[PDB]
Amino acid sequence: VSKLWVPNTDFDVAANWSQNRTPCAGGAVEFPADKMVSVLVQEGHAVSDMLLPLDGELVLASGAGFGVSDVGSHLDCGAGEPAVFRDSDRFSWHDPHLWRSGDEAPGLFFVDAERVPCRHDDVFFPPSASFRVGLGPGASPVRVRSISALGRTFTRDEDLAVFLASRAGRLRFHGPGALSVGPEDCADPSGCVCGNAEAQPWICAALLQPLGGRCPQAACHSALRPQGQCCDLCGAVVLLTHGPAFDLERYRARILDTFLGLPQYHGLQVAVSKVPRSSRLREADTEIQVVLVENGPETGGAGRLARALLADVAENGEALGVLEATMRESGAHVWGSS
């Protein structure tokens, strides 16, 4: 299970410039002086003036170039208010939408706390783009299985601490949080908890930061909040008591291939993972949480699929390794302003 970093600090990407205005031919460029950043350049740019960071680097890949500003096709860019590089400290490790999972499949989604890297995940920062990531305040030491960056794969804390302290690491990793690696594998067929329960307040604070930190209300009464999810949603949650024979990967493929392929379950999305059996503040037990969400204007497809899952357990629970299966569901859909 690989987690890939989505954003970048590339020069030729409009979103990285102040209010999405990329530098135009023959114009002025400014990187904020005190911002430490590594920027990958891949295209040619005619520049009249460019202020570099006090501590940083512009990497010149194949195709990269900087030339003087002429006047012919430069008249447009002219004297129009320099392009400024956006704050390159704005990317948080605990932001769910900055990570992409290698297990993504049709009809499958993941709760918010499992969208950031988990304990047994392999983290990849793509070398095709420069990056910078911050480990937020508090944010108890992130520990993953491995971190790949700059063509290297760190599996030992000794190698990682050397790189993170070096100038190459400090150009790309900042923040007070601690980062570590440990090569252990899960090896439990019933799964492993993501391990981000203690960091969930920081994961949700990063996710809800564009919204002032407040969850938007779900469009249903008695909305559910599954384990690892930041805000309420509409749908159903099935909790399985797993026996020693439960194969979490096979059971997840069972829902995706056997049930979601049926016509009466079209347009439904499922999230399957082992979660703590409790939000209990003190060292609780585990369960298999199945989150069922129906997007679009449909019936209780989530509740109907939830009942089909309980029926499949009542019929094949012994062979599937499920000892007990409960469920809960959200209420009626609200059509106005909540």
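For every residue, the number given is its place in the sequence shown, counted from 1.
K.L.:
Read off the CA B-factors in the entry, average them over 297-305 and over 274-282, and name the higher stretch.
P.N.:
In the deposited entry, the stretch with the higher C-alpha B-factor mean is 274-282.
K.L.:
Between 224-232 and 131-139, which has the higher average C-alpha B-factor in the PDB entry?
P.N.:
Going by the record's values, the stretch with the higher mean is 131-139.
K.L.:
Out of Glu57, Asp49, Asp70, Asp34, which one has a C-alpha B factor higher than all the others in the entry?
P.N.:
When the deposited C-alpha B-factors of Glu57, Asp49, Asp70, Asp34 are compared, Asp70 is largest.
K.L.:
From the list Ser88, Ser101, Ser166, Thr258, select the residue with the highest C-alpha B factor recorded in the entry.
P.N.:
The record points to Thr258.
K.L.:
Ranked by Cα temperature factor within the chain, is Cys192 in the lowest third, the middle third or the highest third?
P.N.:
It belongs to the middle third of the chain when residues are ordered by C-alpha B-factor.
K.L.:
Grab the CA temperature factor for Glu329 from the record and place it in the lowest, middle or highest third of its chain.
P.N.:
For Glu329, the deposited C-alpha B-factor lands in the highest third.
K.L.:
Lowest, middle or highest third: where is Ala14 by Cα B-factor in its chain?
P.N.:
For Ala14, the deposited C-alpha B-factor lands in the lowest third.
K.L.:
Ranked by Cα temperature factor within the chain, is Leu239 in the lowest third, the middle third or the highest third?
P.N.:
As the PDB entry reports it, the C-alpha B-factor of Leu239 lands in the middle third of its chain.
K.L.:
Mind checking which third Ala245 falls in for C-alpha B-factor across the chain?
P.N.:
Top third by C-alpha B-factor.
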